[PDB]
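Heads up, the Cβs are rebuilt from the backbone with ideal geometry, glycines too, and the neighbour counts pull from every protein chain shown. Only the coordinates and a few stated rules stand behind these numbers; no lab work does.
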Amino acid sequence: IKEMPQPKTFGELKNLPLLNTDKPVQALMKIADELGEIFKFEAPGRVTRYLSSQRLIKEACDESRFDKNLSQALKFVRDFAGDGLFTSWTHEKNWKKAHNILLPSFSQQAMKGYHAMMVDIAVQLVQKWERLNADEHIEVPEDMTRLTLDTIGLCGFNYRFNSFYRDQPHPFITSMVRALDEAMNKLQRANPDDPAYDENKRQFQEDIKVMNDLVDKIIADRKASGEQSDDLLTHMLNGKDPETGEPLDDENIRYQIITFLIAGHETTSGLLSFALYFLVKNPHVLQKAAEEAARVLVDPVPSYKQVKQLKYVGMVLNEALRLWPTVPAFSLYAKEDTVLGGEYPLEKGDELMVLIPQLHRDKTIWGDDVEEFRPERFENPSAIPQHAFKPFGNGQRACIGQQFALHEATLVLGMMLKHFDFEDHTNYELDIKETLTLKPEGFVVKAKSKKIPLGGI
Ligand code: HEM
Ligand SMILES: CCCCCCCCCCCCCCCC(=O)NCC(=O)O
């Protein structure tokens, strides 16, 4: 047994005020650098322990001892995501039921079926950039969000957000971002119901209505449609769980739609933005990735098999996920009393937070050069020790859309690298914006076309 390190306190508020920053994860990473593999974080009537080492996180990932917990951030997101897959407890009937009903939507057969629609949106991104004038630059995260939101909309719901037809935000995105920002900001509130937050509450309810009005539109579009679809929404509306034999009810379907539109694009936009950022900051790595894209993507538009062949692009994405996993943490609770790492006693119900970016910087696993961007670390994924690399979470509660995200991002990054040479024209200083999720803010580049014709579709 050992005393646990803990950061600075603010009297009766304990550690709570440390979350009074617009960059909490980054603040927690700095605390982990100072305190080590584990530290306690107290708030009035609440406590959790932040883990940063693979040695302790591998134990936390033992599902016989710990189950997914809804962190305070997820409890706030649940106000609009309900018992959708991301914010449901493992023991709630609707978690396994929806998991069984929707898993087929991420099968290899399904991925092959989404490919053409991913190409449709990727072609729109490449055409936008080909059409820019000499003077112009690209707002990277903004365009990656256009791409990822449209891709989940089309592949998952046969709905076109038509984001490339807009210069300003879709009300959905504005409301989604503001809702996630509010959840993050509520983390530091000692008195959530003080009147000074009435405006925040009013705005939060307004943003939730906007998201629900969009769900209404997607559902109306499907009912009134003639096109026969067999996508995510088809399974949500018609699929039956093999175990219970039951389909989802209307309320849960609405929560899944909101969940998938948000989880199904926000983090992929972050991944693509960080990958491009690292590529322009590491010229030799960008050269290797571009060479592979040119060599592999020999047709007017990429085939599904060709995307699977973009090995180095895939390594680039994994190395971007290592340094800046866009869902930066996940939470666990102890199923029963147990001892963590042979020295930290936990009582049944105690919470743990896995700080993924810190796990990914564990020098005892990766070597000392953890801050370097080296895709080659992922040349042979099998040599990576179990539970050392966890950008998609753990076990039965791991990311259900992992393959969708990586196929979309590999396809798009491959096409980007094939069609343009990129320039960090402002020598951009990394600024990571936090809204629970992480993404570069203000990242801009110039893309000079290689003038390679694009195929139809
Ligand atoms: C590279 C982009 C992505 C990253 C880094 C990511 C990361 C994660 C992580 C860390 C979790 C576990 C959360 C926890 O334990 O609290 C998770 C869960 C989940 N993700 Fe992803 N994700 C990504 C893309 C996607 C996409 C594109 C979709 C939709 C197709 C998606 C849908 C989900 C859902 C529905 C869950 C909840 C699964 C369950 O518990 O049943 N994710 N993701
Ligand atoms: C409905 C799908 C929603 C997808 C959004 C995913 C975001 C999940 C982010 C995980 C939490 C980020 C951590 C924020 C900082 C922190 O340590 N908070 C402590 C806490 O929330 O208890």
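Relative contact order of the chain: 25 percent, from C-alpha pairs under 8 Å at least 6 residues apart in sequence. In this rough spin-label picture, where each label sits 7 Å from Cα along the Cβ direction, the residue 13-residue 423 distance is 4.7 nm.
Can you put 126, 210 in order of Cβ neighbours within 10 angstrom, beginning with the fewest?
Working: 126 21, 210 18.
Ranking 126, 210 by Cβ neighbours within 10 Å, fewest first, gives 210, 126.
Once both labels are positioned 7 Å from their Cα atoms along Cα-to-Cβ, the gap between residue 202 and residue 227 label points is 4.0 nm.
Across the range 99-112, rounded Karplus estimates of 3J(HN,Hα) from the backbone phi angles (6.51 cos²θ - 1.76 cosθ + 1.60, θ = phi - 60°) give 4, 5, 6, 9, 3, x, 6, 10, 6, 4, 4, 5, 4, 4 Hz, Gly and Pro being marked x.
The distance between label points at residue 55 and residue 96 comes to 3.6 nm (points 7 Å beyond Cα on the Cα→Cβ vector).
Among residues other than residue 82 whose Cβ falls under 11 Å from its Cβ, what is the net charge (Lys/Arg +1, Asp/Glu -1)?
Overall, the nearby charge balance is -2.
By the helix-only formula, in which each DSSP H run with n ≥ 4 contributes -39500 (n - 2.57) and the sum is divided by residues, the chain has a 222 nm mean residue ellipticity of -15000 deg cm²/dmol. Computed from point charges on the beta carbon alone (+1 for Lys and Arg, -1 for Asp and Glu), the dipole magnitude for the chain about its Cα centre is near 800 Debye. Per-residue Cβ neighbour counts within 10 Å put 361, 46 in the sequence 46, 361, beginning with the fewest.
For the cross-link pairs 58/363; 240/305; 30/186; 288/446; 223/308; 8/390, which exceed 23 Å when the distance is taken from alpha carbon to alpha carbon? Let's see the in-between values first.
On the way: 58/363 15 Å; 240/305 31 Å; 30/186 21 Å; 288/446 19 Å; 223/308 35 Å; 8/390 29 Å.
Listed pairs above 23 Å: 240/305; 223/308; 8/390.
Once C-alpha pairs closer than 8 Å and six or more residues apart are averaged by separation and normalised to the residue number of the range 303-416, the relative contact order reads 34 percent.
Ordering 176, 87, 403 by the projection of their Cα atoms onto the charge dipole of the chain, which places +1 on the Cβ of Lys and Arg and -1 on the Cβ of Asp and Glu, puts 403 at the extreme positive end. Remark: 425, 235, 284 ranked as 284, 425, 235, counting other beta-carbon atoms within 10 Å and listing the fewest first.
Taking a ≥ b ≥ c as the square roots of the eigenvalues of the Cα gyration tensor, the range 186-256 is classed as oblate, since a/c reaches at least 1.5 and a/b does not exceed b/c. Answer rounded, prolate or oblate for the range 65-196, using the Cα gyration tensor with square roots of eigenvalues a ≥ b ≥ c: rounded when a/c is under 1.5, else prolate when a/b is larger than b/c, else oblate. Oblate, since a/c reaches 1.5 and b/c is not below a/b.
Taking a point 7 Å out from the Cα of residue 139 in the direction of its Cβ, the residues of the range 415-457 whose backbone N falls within less than 13 Å of it are 441-445.
Look at where the Cα atoms of the range 395-445 and of the range 129-147 average out, and the two centres are 14 Å apart.
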